[PDB]
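Undergrad: First the structure, then my questions, so here it is.
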Number of protein chains: 2
Amino acid sequence: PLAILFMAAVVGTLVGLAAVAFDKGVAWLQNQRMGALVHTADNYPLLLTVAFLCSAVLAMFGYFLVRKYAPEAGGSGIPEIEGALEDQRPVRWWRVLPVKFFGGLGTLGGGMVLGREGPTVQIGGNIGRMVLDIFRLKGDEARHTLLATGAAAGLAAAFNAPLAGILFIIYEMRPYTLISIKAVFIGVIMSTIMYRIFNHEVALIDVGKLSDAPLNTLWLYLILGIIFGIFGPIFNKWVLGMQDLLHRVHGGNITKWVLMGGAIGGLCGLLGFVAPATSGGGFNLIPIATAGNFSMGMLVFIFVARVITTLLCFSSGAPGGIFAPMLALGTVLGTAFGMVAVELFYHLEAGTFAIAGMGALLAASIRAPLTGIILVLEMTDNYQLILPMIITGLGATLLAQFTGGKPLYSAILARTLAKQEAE
Amino acid sequence: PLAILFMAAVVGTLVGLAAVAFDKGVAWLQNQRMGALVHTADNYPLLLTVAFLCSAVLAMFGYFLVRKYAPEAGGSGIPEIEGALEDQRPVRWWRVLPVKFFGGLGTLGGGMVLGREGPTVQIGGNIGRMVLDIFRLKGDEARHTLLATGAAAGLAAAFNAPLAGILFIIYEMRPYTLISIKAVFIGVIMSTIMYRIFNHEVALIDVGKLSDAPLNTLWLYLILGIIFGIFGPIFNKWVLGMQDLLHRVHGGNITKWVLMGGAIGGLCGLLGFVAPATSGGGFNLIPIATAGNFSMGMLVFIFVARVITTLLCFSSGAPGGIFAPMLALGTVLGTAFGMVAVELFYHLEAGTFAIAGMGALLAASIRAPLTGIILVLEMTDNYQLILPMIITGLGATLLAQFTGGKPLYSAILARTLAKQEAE
Ligand SMILES: [Cl-]
Ligand SMILES: [Cl-]
């Protein structure tokens with residue numbers, strides 16, 4: 001039906017504006033947190049206290065909204081869209097949309113280590129469901145198609161990356177008709193154009209162009225892969241385990257949870273001023289890191305800072321994503337390997353192994369190799385590292401297989417589902 | 001098995017060198033055809049006669065080798081690799097490899113309107129089969145996996161485009177295990193690196209960087225799509241029909257066929273000197289055309305010249321591809337629409353609609369939309385036209401659906417199969 005191809009356009013266009021706002025939203029909440037500190041930019045004990053509390057409040061707000069009204073708006077929300085496409089999960093958009101948005105401005109705006117793609121995809125998905133209900137389109141086809149174009153449009157707008165969005169939903173989320181593919185395109189065209197209208201000529205990741213990688217250099221990317229390939233499934237266990245560790249801290253009780261959350265949002269809000277490249281989504285430090293401005297000491301610091309703050313903010317059921325984070329760890333560890341590879345040798349530039357590393361964690365952890373490659377392509381515009389990036393991918397994603405890990409988003413879903421049976 | 005991931009490396013590396021030679025091969029045969037004319041670069045009637053006969057011979061040679069020894073080495077050879085993956089077609093590499101190669105140097109070297117990707121994929125496929133037999137690996141898994149990495153490696157090396165190769169085989173040839181995907185990667189890494197070792201710092205398509213497309217400009221790409229979207233299935237009928245039209249000219253008889261072929265190879269060899277941008281694979285004129293050096297009159301000439309020479313050389317069962325051709329028609333028609341769109345208006349540059357058009361025919365005719373997009377990306381390195389290109393794709397590939405056409409490569413196979421039942 002022409003119906004869905006039309007519907008898909010409108011879902012794209014809503015998901016576009018939806019995400020643009022969630023941006024201008026987070027954007028604006030951080031401007032405030034500047035003024036909160038520029039008022040108190042003398043009294044140093046106070047400076048640190050507002051920094052904390054401002055953030056600690058906003059997390060709690062968001063944390064509350066999830067645990068009050070929309071439980072399944074904790075975490076990424078992508079395992080929920082996975083589950084929905086599997087007809088294993090409801091899409092309660094009437095609850096989820098307003099929660100995941102004001103929830104997300106909570107924790108992202110307080111500067112916790114979460115990405116927008118968490119929100120934008122679950123939202124974008126819920127929005128696809130919302131229009132399906134409104135026009136009361138009947139069938140599995142239309143239920144799934146709008147669900148998916150919503151996700152695709154969400155992800156596209158998170159990273160200004162239409163090709164990424166299409167690839168990830170249509171191809172790297174398990175085994176789509178002829179038309180539902182085009183719906184997803186139409187969904188992702190509109191979504192992008194919206195973002196592009198309200199954002200054009202301001203990128204998320206500047207790195208200009210780095211050099212090629214010499215053919216003699218390539219074998220190194222494969223090793224970087226192999227490392228990410230064992231690290232990915234370890235870090236998965238950590239995020240899966242840490243969900244439990246922080247659950248023995250509050251047993252389910254909402255007041256305990258919203259206290260924990262604002263501690264964890266405050267901590268992060270604090271690190272906002274003191275140690276900036278340990279907070280945020282990653283997108284500030286990625287280019288600073290890729291330009292090579294970080295003393296390998298600082299690298300291993302930021303790496304461990306962020307691998308802890310990431311697990312802390314994400315595994316603690318906050319509304320937010322672990323996708324932008326896994327780009328920033330990708331870059332920071334890529335850079336390190338990079339410097340170590342330059343010292344150890346060839347015509348290398350640690351720069352190029354950041355780019356390569358950036359997508360490597362998506363390959364290793366969530367097991368979307370092509371999405372990762374095409375994403376860093378679209379974000380950095382470094383055409384010239386595609387073969388390294390394919391090589392890093394293979395390595396990352398072969399080891400992650402043999403080291404026995406599973407796709408993070410599925411393992412999350414398959415818990416959520418085993419829980420909604422043994423209860 | 002580690003066995004196939006190893007095997008896949010060796011298939012990649014053979015398919016790499018295989019294709020590199022088929023290049024240096026065609027490369028070298030055309031150097032000769034220069035000297036044949038630079039000898040006779042006064043006597044103008046003679047100049048034209050060697051030009052013809054040189055080419056007319058080489059076609060016949062190749063045409064002979066197909067019709068003598070390896071029938072299923074006529075045409076693209078990709079419908080055969082399709083059919084093989086479906087277990088519907090044998091892969092007689094012992095016959096096909098030496099035919100498709102020396103066959104292909106025949107017709108490509110004589111400057112007929114065929115692409116290398118025809119050869120390189122069927123060859124690359126056959127090479128995957130060849131190593132499967134040599135190590136006598138048992139199973140469907142390994143039969144299919146090496147077959148596919150061979151195809152993927154072939155296509156990658158045809159266009160120096162690893163991401164294209166992976167995408168097309170793994171995703172845009174119908175509904176692959178976990179490991180057979182990685183085999184295909186490993187296959188395509190090696191294949192590329194080989195090509196890259198023997199070719200680096202000399203591209204197939206220079207166009208530098210053109211400008212963006214303004215959001216106000218986008219709707220135009222969709223119309224260009226819509227046009228390609230009706231043209232694709234028409235041009236399919238033509239190539240399918242023309243196979244028959246040229247078959248009522250020789251009823252099957254080899255001597256008739258090899259005469260027809262050398263006429264058609266001679267014709268093309270002639271147009272080599274007289275009207276160059278009507279002969280070859282396209283890759284010379286694509287950039288000349290995209291730079292905008294062609295008077296819209298000349299465009300519509302070259303368009304009709306090539307749509308006839310293409311159908312003539314391809315539908316006449318020559319060893320060669322209709323993929324590079326469909327890039328050159330993509331570009332020439334994109335450019336035209338381009339000029340007409342500039343005249344009619346906005347901040348346009350016909351340049352950008354060439355790029356867009358280039359992949360549009362792959363989308364419309366063979367129905368590999370993403371492969372087409374990612375290919376022109378990898379070949380031109382114009383990052384900045386991805387959203388136009390997605391838009392052109394949708395348009396191209398929606399209409400091609402509703403206008404009722406099928407994927408060219410499948411329709412070819414499904415004939416070949418209906419023939420091998422009603423006989
Ligand atoms: Cl996420
Ligand atoms: Cl072809």
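Residue names in the structure tokens use chain letters A, B, ... in the order shown, residue numbers from 1 in each chain, and ligand numbers from 1 in the order shown.
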Would you mind listing what lies within 8 Å of residue 233 in chain A as a short mmCIF file (atom, residue, chain, number, x, y, z; two decimals) with N, CA, C and O atoms, in the first residue's frame, with only C-alpha atoms counted and same-chain residues fewer than 2 positions away left out?
TA:
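As written to disk, around_4.cif reads:
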```cif
data_model
loop_
_atom_site.label_atom_id
_atom_site.label_comp_id
_atom_site.auth_asym_id
_atom_site.auth_seq_id
_atom_site.Cartn_x
_atom_site.Cartn_y
_atom_site.Cartn_z
N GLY A 229 37.47 -7.42 19.75
CA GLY A 229 36.79 -8.71 19.59
C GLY A 229 36.76 -9.54 20.86
O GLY A 229 35.82 -10.35 20.98
N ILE A 230 37.73 -9.40 21.77
CA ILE A 230 37.65 -10.08 23.09
C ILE A 230 37.02 -9.10 24.09
O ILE A 230 36.24 -9.55 24.94
N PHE A 231 37.32 -7.81 23.97
CA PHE A 231 36.84 -6.80 24.95
C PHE A 231 35.32 -6.66 24.88
O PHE A 231 34.69 -6.49 25.94
N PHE A 235 32.81 -6.55 28.11
CA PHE A 235 32.12 -5.29 28.45
C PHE A 235 30.61 -5.54 28.47
O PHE A 235 29.89 -4.83 29.21
N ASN A 236 30.15 -6.51 27.68
CA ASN A 236 28.72 -6.90 27.61
C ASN A 236 28.35 -7.50 28.97
O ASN A 236 27.54 -6.86 29.66
N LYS A 237 28.96 -8.63 29.34
CA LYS A 237 28.89 -9.22 30.71
C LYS A 237 28.87 -8.11 31.77
O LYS A 237 28.02 -8.18 32.66
N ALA A 364 31.90 -5.43 17.93
CA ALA A 364 32.29 -6.45 18.94
C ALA A 364 31.15 -6.70 19.94
O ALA A 364 30.85 -7.89 20.21
N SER A 365 30.54 -5.62 20.45
CA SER A 365 29.55 -5.59 21.56
C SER A 365 28.15 -5.91 21.04
O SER A 365 27.57 -6.93 21.51
N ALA A 400 34.66 -11.68 19.08
CA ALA A 400 33.37 -11.52 19.81
C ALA A 400 32.50 -12.76 19.61
O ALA A 400 31.87 -13.18 20.59
N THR A 403 35.01 -15.83 21.21
CA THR A 403 35.10 -15.54 22.66
C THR A 403 33.71 -15.72 23.29
O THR A 403 33.62 -15.62 24.53
N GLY A 404 32.66 -15.94 22.49
CA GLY A 404 31.38 -16.52 22.93
C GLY A 404 30.32 -15.49 23.30
O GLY A 404 29.22 -15.91 23.74
N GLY A 405 30.59 -14.19 23.17
CA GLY A 405 29.61 -13.13 23.47
C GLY A 405 28.47 -13.13 22.47
O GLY A 405 28.63 -13.71 21.38
N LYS A 406 27.35 -12.50 22.84
CA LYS A 406 26.13 -12.38 22.00
C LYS A 406 25.87 -10.89 21.76
O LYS A 406 26.50 -10.04 22.39
#
```
Undergrad: Write out as a tab-separated table a residue-level contact list of chain A versus ligand 1 with cut-off 8 Å: for each qualifying residue the closest pair of atoms and the distance in Å to one decimal, counting only C-alpha atoms and all ligand atoms, rows sorted by chain and residue number upward.
TA:
```
residue	atom	partner	partner_atom_place_in_ligand_line	distance
A:75	CA	ligand 1	1 (Cl)	7.6
A:76	CA	ligand 1	1 (Cl)	4.3
A:77	CA	ligand 1	1 (Cl)	7.4
A:78	CA	ligand 1	1 (Cl)	6.7
A:114	CA	ligand 1	1 (Cl)	7.9
A:115	CA	ligand 1	1 (Cl)	6.6
A:116	CA	ligand 1	1 (Cl)	7.9
A:117	CA	ligand 1	1 (Cl)	5.8
A:118	CA	ligand 1	1 (Cl)	4.2
A:320	CA	ligand 1	1 (Cl)	6.8
A:321	CA	ligand 1	1 (Cl)	3.3
A:322	CA	ligand 1	1 (Cl)	4.1
A:323	CA	ligand 1	1 (Cl)	4.3
A:324	CA	ligand 1	1 (Cl)	7.3
```
Undergrad: Within 12 Å of residue 211 in chain A, counting only C-alpha atoms, which residues show up once you throw out same-chain ones fewer than 6 positions away? Write them as a VMD selection string, please.
TA: chain A and resid 347 to 353 355 382 to 385
Undergrad: Using N, CA, C and O atoms, can you export the residues from the last selection as a short mmCIF file (atom, residue, chain, number, x, y, z; two decimals), in the first residue's frame?
TA:
```
data_model
loop_
_atom_site.label_atom_id
_atom_site.label_comp_id
_atom_site.auth_asym_id
_atom_site.auth_seq_id
_atom_site.Cartn_x
_atom_site.Cartn_y
_atom_site.Cartn_z
N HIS A 347 55.10 4.62 8.67
CA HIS A 347 54.16 5.64 8.12
C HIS A 347 52.78 5.45 8.78
O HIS A 347 51.77 5.33 8.04
N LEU A 348 52.73 5.43 10.11
CA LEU A 348 51.49 5.35 10.92
C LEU A 348 51.14 6.74 11.46
O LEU A 348 52.00 7.62 11.45
N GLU A 349 49.90 6.90 11.91
CA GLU A 349 49.36 8.12 12.56
C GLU A 349 48.19 7.65 13.43
O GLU A 349 47.17 7.22 12.85
N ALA A 350 48.37 7.63 14.76
CA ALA A 350 47.40 7.07 15.73
C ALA A 350 45.99 7.50 15.35
O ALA A 350 45.05 6.70 15.55
N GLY A 351 45.86 8.72 14.82
CA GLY A 351 44.63 9.24 14.19
C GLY A 351 43.81 8.14 13.53
O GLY A 351 42.65 7.95 13.93
N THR A 352 44.41 7.42 12.56
CA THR A 352 43.71 6.46 11.66
C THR A 352 43.15 5.27 12.46
O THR A 352 42.10 4.75 12.04
N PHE A 353 43.80 4.86 13.55
CA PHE A 353 43.37 3.72 14.40
C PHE A 353 42.24 4.14 15.36
O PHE A 353 41.57 3.22 15.88
N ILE A 355 39.52 6.40 14.34
CA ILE A 355 38.52 6.14 13.27
C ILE A 355 38.17 4.65 13.26
O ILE A 355 37.00 4.32 13.44
N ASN A 382 35.91 10.33 6.48
CA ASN A 382 37.24 9.77 6.11
C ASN A 382 37.04 8.53 5.24
O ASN A 382 37.27 7.43 5.76
N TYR A 383 36.60 8.73 3.98
CA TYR A 383 36.48 7.71 2.89
C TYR A 383 37.66 6.74 2.88
O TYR A 383 37.50 5.58 2.46
N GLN A 384 38.84 7.22 3.28
CA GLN A 384 40.15 6.64 2.90
C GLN A 384 40.57 5.55 3.90
O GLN A 384 41.70 5.04 3.75
N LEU A 385 39.72 5.19 4.86
CA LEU A 385 40.06 4.21 5.92
C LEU A 385 39.04 3.06 5.95
O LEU A 385 39.03 2.28 6.93
#
```
Undergrad: Of the candidates B:408, B:249, B:105, B:215, which one gets nearest to ligand 2 if we count only C-alpha atoms and all ligand atoms?
TA: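 Checking each candidate against ligand 2, we get B:408 as the closest.
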Undergrad: Residues within 8 Å of range 309-313 of chain A, please, as a PyMOL selection string. Count only C-alpha atoms; anything in the same chain fewer than 3 positions from it doesn't count.
TA: chain A and resi 112-114+238-239+242+261+264-265+268+278-279+305-306+316-318+322+325
Undergrad: Leaving out residue 187 in chain A and any residue of its chain fewer than 3 positions from it, which residues lie within 7 Å of it when counting only C-alpha atoms, given as a PyMOL selection string?
TA: chain A and resi 8-9+11-12+149-150+153+183-184+190-191
Undergrad: Export, as a PDB file, in the first residue's frame, the selected residues with N, CA and C atoms.
TA:
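Printed below is result.pdb as written:
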```
ATOM      1  N   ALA A   8       4.841   6.349   6.269  1.00  0.00           N
ATOM      2  CA  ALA A   8       6.303   6.316   6.542  1.00  0.00           C
ATOM      3  C   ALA A   8       6.904   7.728   6.443  1.00  0.00           C
ATOM      4  N   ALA A   9       6.527   8.485   5.408  1.00  0.00           N
ATOM      5  CA  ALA A   9       6.899   9.909   5.243  1.00  0.00           C
ATOM      6  C   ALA A   9       6.524  10.670   6.518  1.00  0.00           C
ATOM      7  N   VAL A  11       5.811   9.574   9.557  1.00  0.00           N
ATOM      8  CA  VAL A  11       6.562   9.046  10.736  1.00  0.00           C
ATOM      9  C   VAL A  11       7.984   9.621  10.681  1.00  0.00           C
ATOM     10  N   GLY A  12       8.639   9.525   9.520  1.00  0.00           N
ATOM     11  CA  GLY A  12       9.956  10.144   9.296  1.00  0.00           C
ATOM     12  C   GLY A  12       9.971  11.589   9.766  1.00  0.00           C
ATOM     13  N   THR A 149      10.543   1.888  10.383  1.00  0.00           N
ATOM     14  CA  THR A 149      10.929   3.170   9.725  1.00  0.00           C
ATOM     15  C   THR A 149      11.149   4.188  10.856  1.00  0.00           C
ATOM     16  N   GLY A 150      10.356   4.072  11.924  1.00  0.00           N
ATOM     17  CA  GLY A 150      10.472   4.902  13.135  1.00  0.00           C
ATOM     18  C   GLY A 150      11.839   4.759  13.773  1.00  0.00           C
ATOM     19  N   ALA A 153      14.524   6.041  11.260  1.00  0.00           N
ATOM     20  CA  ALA A 153      14.459   7.517  11.205  1.00  0.00           C
ATOM     21  C   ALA A 153      15.100   8.068  12.484  1.00  0.00           C
ATOM     22  N   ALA A 183       9.485   1.886   2.738  1.00  0.00           N
ATOM     23  CA  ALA A 183       8.928   2.636   3.884  1.00  0.00           C
ATOM     24  C   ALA A 183      10.092   3.176   4.726  1.00  0.00           C
ATOM     25  N   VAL A 184      10.982   2.271   5.129  1.00  0.00           N
ATOM     26  CA  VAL A 184      12.183   2.563   5.963  1.00  0.00           C
ATOM     27  C   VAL A 184      13.046   3.644   5.286  1.00  0.00           C
ATOM     28  N   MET A 190      12.949  11.685   5.107  1.00  0.00           N
ATOM     29  CA  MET A 190      12.202  12.723   5.876  1.00  0.00           C
ATOM     30  C   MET A 190      12.946  13.028   7.177  1.00  0.00           C
ATOM     31  N   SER A 191      13.231  12.015   7.986  1.00  0.00           N
ATOM     32  CA  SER A 191      13.833  12.206   9.326  1.00  0.00           C
ATOM     33  C   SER A 191      15.087  13.058   9.183  1.00  0.00           C
TER      34      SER A 191
END
```
Undergrad: Given the choices A:326, A:222, A:275, A:411, which gets closest to residue 393 in chain A if the distance is worked out from only C-alpha atoms?
TA: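 Among A:326, A:222, A:275, A:411, it is A:222 that comes nearest to residue 393 in chain A.
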Undergrad: Per residue of chain A within 7 Å of chain B, record the nearest atom pair and its distance in Å to one decimal, counting only C-alpha atoms, with rows in chain order and ascending residue number, as a Markdown table.
TA:
```
| residue | atom | partner | partner_atom | distance |
| --- | --- | --- | --- | --- |
| A:182 | CA | B:394 | CA | 6.4 |
| A:185 | CA | B:394 | CA | 6.8 |
| A:189 | CA | B:391 | CA | 6.9 |
| A:193 | CA | B:215 | CA | 6.9 |
| A:215 | CA | B:193 | CA | 6.9 |
| A:381 | CA | B:383 | CA | 6.7 |
| A:383 | CA | B:381 | CA | 6.7 |
| A:387 | CA | B:189 | CA | 6.9 |
| A:391 | CA | B:189 | CA | 6.9 |
| A:394 | CA | B:182 | CA | 6.4 |
```
Undergrad: For residue 64 in chain A, please output as number ranges by chain all residues within 9 Å (counting only C-alpha atoms; exclusion window: fewer than 2 positions along the same chain).
TA: A: 59-62, 66-69, 103, 254-255, 257-258, 261
Undergrad: For residue 98 in chain A, which residue among A:308, A:4, A:73, A:85 is the nearest when counting only C-alpha atoms?
TA: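 Among the listed residues, A:73 lies closest to residue 98 in chain A.
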